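Everything on this sheet refers to the single structure shown next.
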Amino acid sequence: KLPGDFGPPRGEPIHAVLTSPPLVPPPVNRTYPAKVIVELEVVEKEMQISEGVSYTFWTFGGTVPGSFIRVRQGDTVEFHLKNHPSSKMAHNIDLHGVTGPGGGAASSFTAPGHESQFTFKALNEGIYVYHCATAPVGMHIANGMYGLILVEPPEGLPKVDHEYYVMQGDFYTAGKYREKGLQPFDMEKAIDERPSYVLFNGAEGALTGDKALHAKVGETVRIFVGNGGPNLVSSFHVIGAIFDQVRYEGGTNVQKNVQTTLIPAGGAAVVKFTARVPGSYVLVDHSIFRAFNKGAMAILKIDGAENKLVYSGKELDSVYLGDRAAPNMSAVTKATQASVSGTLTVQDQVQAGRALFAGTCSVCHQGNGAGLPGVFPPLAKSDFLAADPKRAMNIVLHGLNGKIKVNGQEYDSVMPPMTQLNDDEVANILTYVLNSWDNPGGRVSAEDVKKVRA
Amino acid sequence: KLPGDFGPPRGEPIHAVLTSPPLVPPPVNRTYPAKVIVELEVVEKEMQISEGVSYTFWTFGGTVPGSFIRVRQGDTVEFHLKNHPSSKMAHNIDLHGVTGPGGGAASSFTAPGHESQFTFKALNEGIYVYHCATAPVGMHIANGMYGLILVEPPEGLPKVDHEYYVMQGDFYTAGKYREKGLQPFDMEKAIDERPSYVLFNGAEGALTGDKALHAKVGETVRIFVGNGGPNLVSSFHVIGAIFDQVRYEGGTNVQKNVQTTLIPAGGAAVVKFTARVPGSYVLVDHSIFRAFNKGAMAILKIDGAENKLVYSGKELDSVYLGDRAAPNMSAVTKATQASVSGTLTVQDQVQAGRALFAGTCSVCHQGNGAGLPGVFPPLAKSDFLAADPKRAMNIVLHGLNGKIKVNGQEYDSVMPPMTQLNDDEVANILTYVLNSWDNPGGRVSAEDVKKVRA
Amino acid sequence: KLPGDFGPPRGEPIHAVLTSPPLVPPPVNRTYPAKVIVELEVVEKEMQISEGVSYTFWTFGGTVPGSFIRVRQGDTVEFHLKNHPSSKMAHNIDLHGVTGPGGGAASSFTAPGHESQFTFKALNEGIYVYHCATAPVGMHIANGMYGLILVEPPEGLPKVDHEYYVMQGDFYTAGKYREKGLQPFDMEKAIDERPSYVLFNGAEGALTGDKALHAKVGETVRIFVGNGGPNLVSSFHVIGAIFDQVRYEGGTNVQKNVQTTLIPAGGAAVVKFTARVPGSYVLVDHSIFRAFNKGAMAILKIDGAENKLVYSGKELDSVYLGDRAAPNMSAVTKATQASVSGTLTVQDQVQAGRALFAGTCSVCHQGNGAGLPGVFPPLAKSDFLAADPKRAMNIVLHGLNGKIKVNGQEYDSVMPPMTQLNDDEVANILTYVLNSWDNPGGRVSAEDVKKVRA
Ligand code: HEC
Ligand code: HEC
Ligand code: HEC
Ligand SMILES: [Cu+2]
Ligand SMILES: [Cu+2]
Ligand SMILES: [Cu+2]
Ligand SMILES: [Cu+2]
Ligand SMILES: [Cu+2]
Ligand SMILES: [Cu+2]
């Protein structure tokens, strides 16, 4: 009568091995139901949500999303939740897929330095979100308290070459996007569902550049995709590919051959991809400003031979991926820390500005600052730049239009304002430009930009 | 050629018996098509959207959602809409599932004190939203003008033990969440899709506590779930359970074994649940701040024997459900009315504060005010509280951090601000605390809190 | 091994014939794979987003959405993107359905006056969004850079009587809804996902009135429905009908017999409708304030015989469709241009006000200004209006309640405020009323209303 009716646990008790994102535990590879002991510890800690931007995350297992749990339908799971002594808050857990009130919540309340346990049978196959369930629930979830549990079918999932773990969340900082420093949680933005960041795996760039997911032409890739929310619904999409299969939770329905699929807040799906041609495939929330303005992009990078019969074109670059085309933006972290320490050098600024110039400025002005004849004026050896570095701050913040002369040529176009750039970002970008391409050197400070903005 | 081609109406004309939420009319239990006469009356009236918060609802049949209508595919429906003489606005109806322009709208315009009628054939089986269709349509829908009509398949739906009627809506008050008094509709929040409340069945607590839906272990429950909007899409989810089946409108596709499912604005679904273990199962919009900060939670409470093989844990409490764990919050309504009348007593405040303290404060400070050793300081017989009741107002509104001494013990933690609490709520909560646990008595007034907030 | 494995291209190279919305190219009607040459040109230009409201759109082929492209699964597509010399920005393309990084983006970067090309095989059948992929991607998409490409199955889609092309988008103007003039793109509203317009096919009224889609009773209609976003998810719905079929992208799953269906940002679906009774069927985003307050309504108008057995009622009118019931609102465009030119006459205002009065005022006051006895007072020959035209400006902006006397009769009701109306709209509406129905004439100016609003 109950699903998952495979008899009492047999064999030996199994201690679950949990993995950190973006990795997944191995398939259970088991033909009998077991007692599975799961131990998960809550840790509150600061981490970088973006370069030079710290946030106090609340985590299951030290990561956002939390550690991945993998069991078999019909297993009896003895769930142990610990809360690290350093925690200020109590925490608990609601696992979707659990049959019982709160998905475990009332029997997993755990004060700092304590441990709780409860037992459940995994009656329901599927991929499922788990999350904290402690008042105020939204604050806990917003601070990163979510992950995935996979309950396998008894026969296991079909074999694939790679399995990965990707989870979207919306985040609410007091400061604006890319404003540096330790950013508090912002309850007002959270209630209004107005996130400052929308991320995969807890940070900007968590899955881009040198942190990309990998596979090779011809391989299959399964991705366990969660949406921790707390509030957003993801228009989840793969740029330049298709999903062979998309299956939500433990649903009977499987959709095949779709590129764009809606993942509810608190939802999860298993997607399958087959690599056909090399290059970078971007996982996004196709509510586009999330993907391109708030951090909601991840990369699956495929290595192998080009097939000109299928696609003649080139790998992605900064025109599309912006400043996440490059391996990383570590120079930005280093410049921000140098500013805090009072040791910020011109070169710290130049290297940070170099990272930030990609896409943001280079789409028009080019990576070498040459511009494009008749269309975009040069930043390289620019007389107009050199003539008035203050004017340049105004141009970045407030745009520029009308006829101008640069290096003896007339331009009569429109540079849109870029007011969303933070003071340090404008300063560092301009300091990069001034110290490149035979420009006159010197520097622009965040304080200089603050004054022009005001 | 047309669907629902079951011949002319036969038998006798049937006068439809409509039900008020959360109840549903009985199955039609009929093998022939009939002429079904439906009579529905619009009533504009004030009701409580939350305790002590009045709202002028516009209703079909006196409730939000409106009366449930149940007919059989192939029926000829003669639809009579009356508008009560007390109405200020004209009203009409668009029933999804109707084949014809506006779903009835142009032939159901009805001024106060009037009646309109129109006839349609129910060609389409399914569950369908109906709503008002009078300019400005969004205002009408926002004020509560929506419900469900079920068009059964000719053979009927499979028998279940219980059928219930649950409908989500987003609401737009001029005041903030839980600000007392008669709250006007707020057009600006509505246009921006920024609701102050997100509710099931027209009120906070409409389906919680003593108003929960009921069933017993082993029983099946069918829920007709609507989303009246006007604007939100529900990440509709059952905490601690799974839906055996989810079917949208009259779709051919049926999803099985899912826990989280997206319901469009203006959409409807039929979900099935089988009770397996006792306790409270929470229906939520899993865009979490709606569920936990704006009212979007309902309860299906299952009675019966525990099954420790399936779930070893406990029923839900205020850690998860907050102040909706208790049967009701009537003390809040009574205190608010006493304030209006100028008769507010200390005990009125104490009992209101008692209701509001649950979850909101008790998650940390505990239901007996004892706190937790080394972690959360006591409110019970608190020297620190007694020493400066004004400081306590500041602590609730603006939080507290750093080393403090309470009852001879050091704490060095963080109480987050609770600025979203209204002045009366802080006043009543603190008055409760002061009159409990050997604390010194007295009271805090809403005016006292207003001054500290300013 | 790869899908679409139908061999090398054969026959002659085919130059694709692209269509402008809401039309679709003819079925490919071809049994062999071909080399298909597609030429699409980007044009930046001002167009009217609403009457008297200009916007600088960025377009593929001069329209929003862009030109429709129709090919066959297994075709080799040689894609040529041109950027008109008048462009200020560079542009490129990402076609969903393309197998390769960026869906073409890196190999289609095209400066003003240039052309790019790349080749891909259409491995994936389905309906797919294409869009620009140039940093800042959200700005490009927000400015109108999206369209659809259909990749047919090898056997073709089933024949229907009509095929149409409808695409939703969200738009972000600096000014509020219906504020006249050339409206800049508003980055802040875009990041916050707070659109001022939500439209089908690039403009208010693009598919209403004299621009409605057409078919006849008994005919089948296929609509290729895109959602360009950038940010919104459409609760896509047909008022007064049902979709026989809804199929997303190239998915295997087909839903049948649904009225309301969620289309992701960047998503696309093929829907089928069978006309059964005459009248206007409204395609909306059923997040209702979008449909009724921001422009998100389109019409499929069915001609033919009434069938009283199916629906006894009347065609839609301004009670539901508001000011889009009429063929067009050209008088508003003409009045706005007359204001710019300094030649605005009383009659220009009267005719603009006539257009705007429909629904907005007529729902209560009636199309002849008679009101409804005991319920809504007359505007026709209104003593109360004539007595104080300034008071009338205040009534429109700020509402009216309480007992009043009009033409010898008492009213004691509530006219809600209509503060969202722009100054010119109030002026023109009141000038219409004053010059109708034996009212005293004269005029109200936008400046008059500006002063009352302040
Ligand atoms: C294309 C959309 C651009 C992006 C992105 C950026 N800039 Fe730009 N810039 C652009 C144009 C079309 C113009 C000329 C405007 C005109 O009136 O014709 C400019 C101009 C400048 C200048 C001044 C001229 C010069 O020295 O060449 C500066 C200093 C400049 N732009 C800097 C700059 C930086 C630092 C950018 C990233 C932050 C950036 N621009 C983006 C077009 C575009
Ligand atoms: C956990 C998240 C808490 C919730 C919810 C509430 N309070 Fe709290 N409170 C908390 C901590 C960790 C502290 C100490 C902070 C420190 O600096 O170490 C406090 C403190 C108080 C106090 C002062 C100390 C005392 O008298 O014990 C008061 C008066 C107090 N808290 C009241 C209070 C009320 C009324 C709450 C609901 C509105 C509430 N707190 C919530 C932790 C938490
Ligand atoms: C119903 C929801 C209404 C809509 C839409 C509009 N008006 Fe109205 N109006 C309405 C009522 C119930 C009243 C009387 C209020 C009372 O206190 O009883 C009015 C009144 C007016 C008046 C003044 C009285 C008169 O001259 O008849 C004016 C000038 C007026 N209304 C104008 C007006 C216009 C121009 C509207 C569209 C912009 C409009 N009203 C909408 C009800 C409703
Ligand atoms: Cu927690
Ligand atoms: Cu959950
Ligand atoms: Cu109404
Ligand atoms: Cu509707
Ligand atoms: Cu572009
Ligand atoms: Cu895309």
Side-chain angles (χ1 to χ4, degrees), chain A residues 42-44 57-60 66 81 83 87-94 105 108-112 130-146 319-320 363, chain B residues 93-98 102-105 128-133 137-138 140-141 145-147 226-230 249 264-268 319-320 363, chain C residues 42-44 57-60 66 81 83 87-94 105 108-112 130-146 235-241 259-260 282 284-288 291-292 320:
Chain A
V42 176
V43 180
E44 303 173 3
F57 294 92
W58 301 347
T59 76
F60 292 106
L81 190 67
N83 189 7
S87 291
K88 302 309 178 274
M89 279 51 180
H91 301 284
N92 64 3
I93 193 167
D94 171 352
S108 54
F109 183 86
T110 313
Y130 69 79
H131 61 74
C132 186
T134 304
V137 171
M139 181 186 291
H140 286 253
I141 298 175
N143 282 331
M145 305 202 69
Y146 46 80
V319 172
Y320 209 172
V363 61
Chain B
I93 193 167
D94 171 353
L95 309 98
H96 302 175
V98 163
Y128 297 98
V129 171
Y130 69 79
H131 61 74
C132 186
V137 171
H140 286 253
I141 298 175
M145 305 202 69
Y146 46 80
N227 180 9
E249 290 176 329
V319 172
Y320 209 172
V363 61
Chain C
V42 176
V43 180
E44 303 173 3
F57 294 92
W58 301 347
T59 76
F60 292 106
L81 190 67
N83 189 7
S87 291
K88 302 309 178 274
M89 279 51 180
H91 301 284
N92 64 3
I93 193 167
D94 171 353
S108 54
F109 183 86
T110 313
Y130 69 79
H131 61 74
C132 186
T134 304
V137 171
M139 181 186 291
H140 286 253
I141 298 175
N143 282 331
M145 305 202 69
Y146 46 80
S235 287
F236 187 74
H237 170 95
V238 59
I239 301 188
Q259 193 169 354
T260 315
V282 196
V284 297
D285 187 340
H286 213 289
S287 290
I288 282 283
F292 294 92
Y320 209 172

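Every chain is numbered from 1 and lettered A, B, ... according to where its sequence line falls, protein lines coming before strand lines. Side chains included, hydrogens not; waters and symmetry mates left out as well; all remaining heavy atoms used. Just so you know, ligand 1 is whichever comes first in the structure, and atom 1 is the first atom listed for that ligand.
- At least one side-chain heavy atom of A/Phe60 sits under 4.5 Å from a side-chain heavy atom of A/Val42.
- In this structure, C/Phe292 and C/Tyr320 have parallel ring planes: the angle between them is below the 30° cut-off, well short of the 60° mark.
- Aromatic rings of B/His131 and B/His96 (six-membered ring for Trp) have centroids within the 6.0 Å cut-off, being under it.
- Taking the Cu ion (ligand 4) as the apex, the angle formed with SG of A/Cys132 and SD of A/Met145 is 110°, to the nearest 10 degrees.
- Geometry at the Cu ion (ligand 4): ND1/A/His140 and ND1/A/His91 form an angle of 100°, nearest 10 degrees.
- Checked against the Cu ion (ligand 7), the N, O or S atom of B/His96 at the shortest distance is NE2.
- Residues C/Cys132 and C/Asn92 have side chains in contact (heavy-atom distance under 4.5 Å, counting atoms from C-beta outward).
- B/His131 contributes atom NE2 as its closest N/O/S atom to the Cu ion (ligand 7).
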